[PDB]
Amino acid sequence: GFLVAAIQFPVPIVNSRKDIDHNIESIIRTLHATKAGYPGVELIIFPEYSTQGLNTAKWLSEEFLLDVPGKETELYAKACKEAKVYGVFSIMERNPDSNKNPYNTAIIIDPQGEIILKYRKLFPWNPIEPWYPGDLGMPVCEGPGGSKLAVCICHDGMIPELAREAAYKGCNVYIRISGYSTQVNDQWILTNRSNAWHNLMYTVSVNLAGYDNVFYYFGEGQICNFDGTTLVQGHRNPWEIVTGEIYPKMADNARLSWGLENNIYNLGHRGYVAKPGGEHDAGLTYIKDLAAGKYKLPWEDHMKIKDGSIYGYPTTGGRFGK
């Protein structure tokens, strides 16, 4: 067993690097205050956009971008080391390739102050977000109490194949950090439950409290059990700390022991009672197409939104918003 905390962090309007700097210190203070309030906490999770805020007019500028690792990550690392916790942070990351747009990035730091996981948003929330598609796949790392942690970012949680990928690489606690999941709220709660059940793992998810100096009741905190049951649903309050005990080994034992419920095994081993080992070929043309890089929906040639021109982005490519 271990105690997790998801922070419904309220981010003020961010207009400069100095605002970002104060925000980092706010996150750090919140981290220590949480560990003081909950002395047994081992994993503390901050929402998407909680470092740099949501200034859609400035968020592509060099002033608003960070390196991972960088001086800001080292401050987060120091705080994790002092508090002796795992921490999850959201950073809009300057692309090491200056000819590409920045990434939407998540890091897990351990109680030693080492970054043990770095994840780039694989499915940017299009057509609104300008972030370059992640190139680091879906990584998994060792966490507290026998957990194998993985993080996705917000809209990523809408993709069941991504939750499957985390599980397939060993994840038993799947973290989702979100920036604004309100107005897609039912579906966020829905997929947090389905991501858990489909894969026999816990899910721990958080949404940012707010970003606009006015309304800070958009926050969410949800912990789902490996059967898909919501164990904890937070109230929406600014600064709300949503907590619960997680037993990663119980998820592992379900995966080891269960028959009827073992859907993650059944996927690659269809009908193993009648056919020893199961049928290893799933069915399933989309799987073969996507592996080959030729996923194509039958209605693609009549679709309306296929680039960011509806929000004022170039449809050409390359770097922009400097």
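Numbering starts at 1 and runs along the sequence shown.
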Checklist line | Mean C-alpha B-factor comparison - 212 to 220 and 248 to 256, higher one | finding: 212 to 220
Next item on the list: For the higher mean C-alpha B factor in the entry, choose 306 to 314 or 16 to 24.
Entry: 306 to 314
Next item on the list: Can you pull the Cα B-factors for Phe226, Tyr180, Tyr86, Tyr174 from the entry and say which is highest?
Entry: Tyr180
Next item on the list: Using the temperature factors in the entry, find which of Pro124, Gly170, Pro160, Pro144 has the highest value at its Cα atom.
Entry: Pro124
Check: Where does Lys78 sit by CA temperature factor within its chain: lowest, middle or highest third?
Finding: middle
Note to self: Is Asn195 in the lowest, middle or highest third of its chain when residues are ranked by C-alpha B-factor?
What the structure shows: lowest
Notebook entry, point to check: Against its chain's modelled residues, does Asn55's Cα B factor rank lowest, middle or highest third?
Noted result: highest
Next item on the list: Please place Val206 in the lowest, middle or highest third of its chain by C-alpha B factor as given in the entry.
Entry: lowest
Margin query: How does the C-alpha B factor of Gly278 compare with the rest of the chain: lowest, middle or highest third?
Written below: lowest
